[PDB]
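Laid out below as C-alpha cells are two forms of one and the same protein chain, each shown alone and named structure 1 and structure 2.
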Structure 1
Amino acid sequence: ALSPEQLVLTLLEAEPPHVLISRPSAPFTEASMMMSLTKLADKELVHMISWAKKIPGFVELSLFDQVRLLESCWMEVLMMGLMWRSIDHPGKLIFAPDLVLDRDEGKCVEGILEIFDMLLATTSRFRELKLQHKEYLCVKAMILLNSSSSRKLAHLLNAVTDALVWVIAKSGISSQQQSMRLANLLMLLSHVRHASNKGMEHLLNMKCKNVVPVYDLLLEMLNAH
C-alpha cells in the first residue's frame, strides 16, 4: 500500500501525453470543426485507457467494472483535461498546442457555443481557486472512480480522497480553510458532470443526423447509448 504522497506521485507518472492536432487549411465549417474535435477525442481515448490502468488498484477490479467506469467517465475526463490545459488562458480552449479556439469560433457549430461557455466558466472557477497541479491529478482520478470488485473500488476512491486531503494540508492553510477548499473543489465535480451530460447529448445528436462520422473507439463508446 502507498502513502498519500506516493499515490500522488503515481498519478503524476501516469499522465497521458498531449495529442497533437492542427487546424485545417480551409476556414472551419460545422462539419470540419466536428471532425477535428472527434478525431482529437478518439486519439485521447486510446491514451486514457492506458492512464486508467496505471491508477493503483484499477486493473485489480473486475473487467466488467473497468469497462463500466471508463464508459461512464470518459467525456468528463476529457473535459477536465481541457479545462486544466486552458486554465491560464481566459476566453480560450486549448484543445491541443496547435488547436486553440477562441470562444466565438464555436458559432460555426450548431449548439456547441452553450457547451464552450460551460467549459469556459468552470475553467474560470478553477482559475479563481488557483487549482494546483497535484489537486488536478487527484480530482481527475476521483472523476474516474466516482463515475458509477466493489470493496476494492470504494477503497480506491477513499485512497485518492486521502491523497487530496494530504495535498491540501501541505498548503499550510488553517483547518477550516482546508475543509472549505475540499468542499469547493468537490462542488465543481457536479459542474464537470453537467458539462459532460450536455456534451454527450450534443455529440449523440450530431452522430445521429450524420453531420460527422465517428470511428473505432469513440464510435463504440457512443453506440453504448
Structure 2
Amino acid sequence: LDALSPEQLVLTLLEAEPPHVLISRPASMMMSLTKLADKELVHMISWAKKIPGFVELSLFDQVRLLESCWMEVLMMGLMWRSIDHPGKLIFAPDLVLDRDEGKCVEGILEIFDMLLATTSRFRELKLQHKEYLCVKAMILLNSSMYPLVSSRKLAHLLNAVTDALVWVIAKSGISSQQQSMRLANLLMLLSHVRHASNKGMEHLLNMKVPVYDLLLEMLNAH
C-alpha cells in the first residue's frame, strides 16, 4: 500500500526514468525515427516494470497495456524534452528536428504540428517534472480499456497514480477551484496525446525498421 503513496511513488517513477537514447547513425529521417523507437521500446518495457505493482498484474494485461501505449508514451517523452524549445522536437541527443524538416516525408508535417501544438499547451500550463512523471504513468495504465471491463488490480493502480497527481497539484498551494481546473486541464491533454499517437500509428503502418513486430518480439522475450 505504502510504496504507492503519493510521495514514494513520484520518487520511484523518477528513478525509473529511461536513459538518454543515442541513435548512432553511421527513408533516412524515417529510418532514424524508426531505429530510435525500436531502441526506446526496450527501455520503455524496463520503465513499466519499475512502476509499483505493474509487474503484479497478469502478463496478459501487461502485454495489452504495453502494446497499446508505446506510441503515446514515446510521444509523451518527445513532448516533455521538447517542452522548452518551440518549433523543435528533441527526439534524441543527436536528432533534433524543426517543423520544416517535416516536409521531406509526406504526412509527417501534420503529425509534427500536432506534437508541437500539444507541447506548446504543456509549456503554457507550466507542466511540472513530477506532474509529468504521473501523467506518463497514467498514459500507460489508461492505454487499454479491455483489461478494465487483475482488473481489480489495474483500477487500484490507476487510482494510485491519480491520487499522486492530485497530491502533486495540491502542494502547488493554489486554490481548490484551480486544483480542479488544473487536474481537468492536464487530463484533457491526454486526448490530444492519444490523438497524435493514432496519427503516428496510422502513418507508420502506411509505410513502405519494423518497430511493431520488433515490439512483439520484446513482448515475447518476457
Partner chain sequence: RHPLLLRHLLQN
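When a residue number appears, read it as a position in the sequence of structure 1, where counting begins at 1. Here the rigid core means the biggest group of C-alpha atoms that line up within 1.5 Å when the two forms are laid on top of each other.
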Chain form deposited without its partner chain, by structure number: 2
Shift in Å of the residue 220 Cα between the two structures [rigid core superposition]: 5.3
Per-residue Cα shift, residue 46, between the two structures [Å; core superposed]: 0.2
